[PDB]
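Enquirer: Structure below; questions to follow.
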Amino acid sequence: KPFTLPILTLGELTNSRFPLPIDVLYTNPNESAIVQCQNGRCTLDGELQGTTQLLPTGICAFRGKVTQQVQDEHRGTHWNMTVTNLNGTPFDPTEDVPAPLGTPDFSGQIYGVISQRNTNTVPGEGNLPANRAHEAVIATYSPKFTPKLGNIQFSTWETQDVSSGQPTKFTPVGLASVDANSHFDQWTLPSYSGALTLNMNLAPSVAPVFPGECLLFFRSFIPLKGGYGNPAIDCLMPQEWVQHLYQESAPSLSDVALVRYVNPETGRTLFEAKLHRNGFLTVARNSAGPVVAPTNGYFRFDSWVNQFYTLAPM
Amino acid sequence: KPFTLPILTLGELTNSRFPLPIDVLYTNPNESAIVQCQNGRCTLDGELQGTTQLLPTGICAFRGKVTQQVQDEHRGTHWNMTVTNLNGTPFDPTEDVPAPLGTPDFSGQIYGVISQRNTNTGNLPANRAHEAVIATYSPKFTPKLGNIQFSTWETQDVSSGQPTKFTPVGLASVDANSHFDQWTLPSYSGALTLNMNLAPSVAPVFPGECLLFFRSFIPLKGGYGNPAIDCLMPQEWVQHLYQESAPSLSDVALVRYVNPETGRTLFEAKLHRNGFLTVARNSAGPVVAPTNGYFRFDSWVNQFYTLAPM
C-alpha cells in the first residue's frame, strides 16, 4: 500500500484545530513554546492521536446536557454542562484519550453558539420539541473546564433561557477576545481534568531535530467576538490529510517522507519538506511568516528518506 | 483508475448541504417536491455541479463586506453586504454557476454569526461579531448579483466597508412565516428572475425504488420543530470523487451497505452517475442500522438491475 497525500490545494483544505479554511502556509522558527497540540494529530500510517477525530464538525464541538446556573463574582452567568462523546454515547473517563474527542486543545475564550432541542415533545405542536440557542463562551483555562471528568462550563450574557436536562450542542465560531485577561495561547494545553491533575494519553510534542529546520504550519485566521487583534490557529496537518491518512492506512517505511510542494501547471517543485512519521512537516527556512506560493500548489509524496536528509533551503 | 468510495462510516461523515454530522440514512418515497439541491452535487467521475465546492467550512458560508444599514417593516436591524467568492476574489456573475459556490440552496431563515475584522489599524485591527439571520427567500437575497441582506437583533455594532464573514449555525425558525423548505431553491438573482446553470433534478427511474438520503438534524434558534437537511452524498464523498476522477463505466454503480464488524451486507443500493442513491424501499423514515456501517463499491451495472428490497 504505497503512500499518498490528497491532491487538494491550500484553498481546498481546512484547519484540523478549528473549523476554518486554511489561509496560508506559515513558519515561526523562534517559537519558544513546546508544540504539542492534540487536534489534527495523526501518524502517517493513519493512527489518530490526542483528541483527534474525523468530523470537520466535531473540532472544538461539545455535546451534553446543562445541570445548573451559577454566577461569578463579577456578575457573569455560567452554566454547568455534562459532556458526552460527540456521538451521544457516555464519555468513559477511563478511555485512553486526554478528553472527549474534539475537545479544544488550547487556552482561550472560545466563542460559539449553544443550542438545545428538547427530548420531550408537545402533542399540540405536532409532537415536536421546543428549541433555543444563544451565544456562548467556553473558557478552556477555567478551573471548571474539566472535560476529561465529563464536565465543563460555558458562559452567556443577558439570558436566563437555557434549559437543564435537555440535549445541548456547542457550535464553535471563534474567540471571544485575545486581550490579556482572556488568556489566549494556542500552544498552552487546557488542564483536561483540572489544575492539579496531569493530562494523560497526549499526542507527543513535535519539533525539528535538524539544524536549520523549522516546523511548517497550515495557518488559519480565527474570528473575534470583539476587541482588537488578528489571532491565528496553526495546525500540523489539515483535516483532509487526517481523513486521507486514516483511510489509506499505509505502512510508514521510514521515520521521514520527503515531500515536494509542486506547481502542477509548471510541474516545478517550489520547495521540499520533511513529512515526519508522527504527522508534521519541517522545512529548511530561517525566517518567520507566510510562505508565498501559487494557489494551485500542493504537496506530493516523493520518497521515504531519513532524519539525516538535507532539505534544499527555501 | 477503478472506482472507490471512502471507507468512512456513517458516524464519520458530514452533510454536504449544511455543516452538520450525518445522523441517519433516510427515505421518503412519497415526496411531492422536485429534488434539485445545488450543494453536495458531484458526478461519479468527480465533476462538481451547482454551487458545490470542496470546503466543509464553505457550505452555507458567505464572505464579503457590509455596505450600509437598511430599515424595513421587520423588527431587528438589517444590513446589506456585498458577497465575493469564498476565497475573497470578486464573484463574476458571468461564471457558469447559479451563485457563488457555497451559497445556501434552500428556502429558509438561516441562523448564524456575522463577524468582522477591520482592514485599517495599537497596530491591531478592531473586531465585532453578532448573531445574524439570512432569509434566503427574501427579494434582497441576490447572491448571483453579488449582494445579500442579513438581520441582527437590535444592535448598531456592525461596521460598513469592513471584511465580513457569515458562519452558519442553524435555522432561526421553522414556523410558517419563516418559509423553511429544503427542496425550494432560492431565487439567486432576486424576484422574478430565472435561476441558471443548475445541477439537474434527481429521481428514481425504476418502479419500487426511491431516493436514499444522508440526513442531518439542524439546530434552531427558537420555537418548535425538529428540522432536517437531506443530502444526496456526504461532503467526504464529494471530496473523494473529485480527487479520484475515475471514469464512470456505466450509468449505475451497484453498492453494498456493509457492517464491517460482521462483514454482512445490510442492503444494496444503486449509485447513479449524476451522484445520488436509490434503494428498493416502500416506506418513509430512518434506515435503522449501526453507525459503523458504510457503502462499498460492488460493480458497474445498468438501469435494468433489480435491487433486493430492504
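Note that each Cβ is placed from the backbone with ideal geometry, even for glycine, and that neighbours are counted across all protein chains shown. What follows is calculated from the coordinates using simple rules that are stated; it is not laboratory data.
Enquirer: With a ≥ b ≥ c the root eigenvalues of the C-alpha gyration tensor of the protein assembly as shown, is it rounded (a/c under 1.5), prolate (a/b larger than b/c) or oblate?
Expert: Here the protein assembly as shown falls in the rounded category.
Enquirer: Give the cross-link partners of B:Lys140 among the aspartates and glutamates, using a straight C-alpha distance below 13 Å as the criterion and excluding same-chain residues fewer than 8 apart.
Expert: Excluding near neighbours in sequence, the set is B:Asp72.
Enquirer: Whose amide H sits under 5 Å from the amide H of A:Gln166, counting only residues 5 or more places off or on another chain, with H placed in the peptide plane?
Expert: A:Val66
Enquirer: Beyond 18 Å, what percent of the Cα pairs of the range A:219-276 remain?
Expert: Here the long-distance tail beyond 18 Å is 60 percent of all Cα pairs in the range A:219-276.
Enquirer: Now a separate question. With a cap of 16 neighbouring Cβ atoms within 10 Å, and only residues DSSP puts in a loop, list the trypsin sites (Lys or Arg not before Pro) found in the range A:1-79.
Expert: A:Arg75
Enquirer: Moving to a separate point now. Please identify every one of the chymotrypsin sites (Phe, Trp or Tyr not before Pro) in the range A:243-293 that sits in a loop by DSSP and has no more than 16 other beta carbons within 10 Å of its own beta carbon.
Expert: Sites meeting the loop and neighbour criteria: none at all.
Enquirer: With N denoting the number of residues in the range A:209-314, provide Rg(C-alpha) divided by 2.2 N^0.38 Å, to two decimal places.
Expert: Computed over Cα atoms of the range A:209-314, the ratio equals 1.18.
Enquirer: Going Cα to Cα from A:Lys148, which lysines come in below 20 Å? Please leave out same-chain ones fewer than 8 positions away.
Expert: A:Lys65, A:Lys169
Enquirer: Something else now. Say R0 is 35 Å: what FRET efficiency, to the nearest 0.05, do B:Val35 and B:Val70 get from their beta-carbon distance?
Expert: 0.55
Enquirer: At B:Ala308 and A:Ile7, where each label point lies 7 Å from the Cα along Cα→Cβ, what is the point-to-point distance in nanometres?
Expert: 3.6
Enquirer: Can you give me the three principal axis dimensions of the range A:160-223 from its C-alpha atoms, in Å, biggest first?
Expert: Sorted from largest, the Cα extents of the range A:160-223 read 56, 30, 25 Å.
Enquirer: How far apart, in nm, are two points set 7 Å out from the Cα along the Cα-to-Cβ line at A:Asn230 and at B:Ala126?
Expert: Spacing of the two 7 Å Cα→Cβ label points: 1.7 nm.
Enquirer: Taking Cα atoms, how many degrees apart are the long axis of helix A:239-248 and the longest axis of chain A, rounded to 10 and kept between 0 and 90?
Expert: 70
Enquirer: Let me ask something else about it. When the distances between all Cα atoms of chain B are binned every 20 Å from zero, what whole-number percent does each bin get?
Expert: Answer for chain B: a P(r) of 32, 53, 14, 0 percent.
Enquirer: Each residue of the range B:53-59 in turn: what ³J(HN,Hα) in whole Hz from Karplus with 6.51, -1.76, 1.60 and θ = phi - 60°, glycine and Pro shown as x?
Expert: With the stated coefficients, the range B:53-59 comes to 9, 8, 7, x, 6, x, 6 Hz.
Enquirer: Now for a different question. Quick one: which residues, 5+ away or cross-chain, put their amide H under 5 Å from the amide H of A:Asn15? H built at 1.01 Å from N.
Expert: The answer is A:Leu20, A:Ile22, A:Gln239.
Enquirer: Using a/c under 1.5 as the rounded threshold, could you call the range B:116-250 rounded, prolate or oblate? The axes a ≥ b ≥ c are square roots of the C-alpha gyration tensor eigenvalues, and prolate needs a/b larger than b/c, oblate otherwise.
Expert: prolate
Enquirer: Near B:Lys1, which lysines are there with a Cα under 25 Å away, not counting those fewer than 8 places off in the same chain?
Expert: Cα-Cα hits under 25 Å: A:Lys1, B:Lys270.
Enquirer: While we're on this one: What number, in percent, do you get for the relative contact order of chain A if the mean sequence gap of Cα pairs under 8 Å and at least 6 apart is divided by its residue count?
Expert: The normalised contact order for chain A reaches 27 percent.
Enquirer: At 25 °C and 0.890 mPa s, what whole-number value in µm²/s does Stokes-Einstein give for the translational diffusion of the range B:59-172, with Rh from the Kirkwood sum over Cα pairs?
Expert: So the translational diffusion coefficient is about 172 µm²/s.
Enquirer: For the range A:59-176, with the dipole built from +1 on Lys and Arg beta-carbon atoms and -1 on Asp and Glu ones, taken about the Cα centre, which of A:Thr84, A:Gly126, A:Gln166 lies farthest toward the positive end?
Expert: A:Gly126
Enquirer: If you take the beta carbon distance between B:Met196 and B:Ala246 as r and set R0 to 22 Å, what does 1/(1 + (r/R0)^6) give as a FRET efficiency, to the nearest 0.05?
Expert: That pair, B:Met196 with B:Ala246, gives E of 0.15.
Enquirer: Separate question: Roughly speaking, what is the centre-to-centre gap between the range B:291-310 and the range A:284-314 when only Cα atoms are used, to the nearest Å?
Expert: 43
Enquirer: Please state the Cα pair-distance histogram of the range B:24-80 with 5 angstrom bins from zero: what percent is in each bin?
Expert: Result, from short to long distances: 4, 12, 13, 13, 16, 13, 12, 10, 6, 1 percent.
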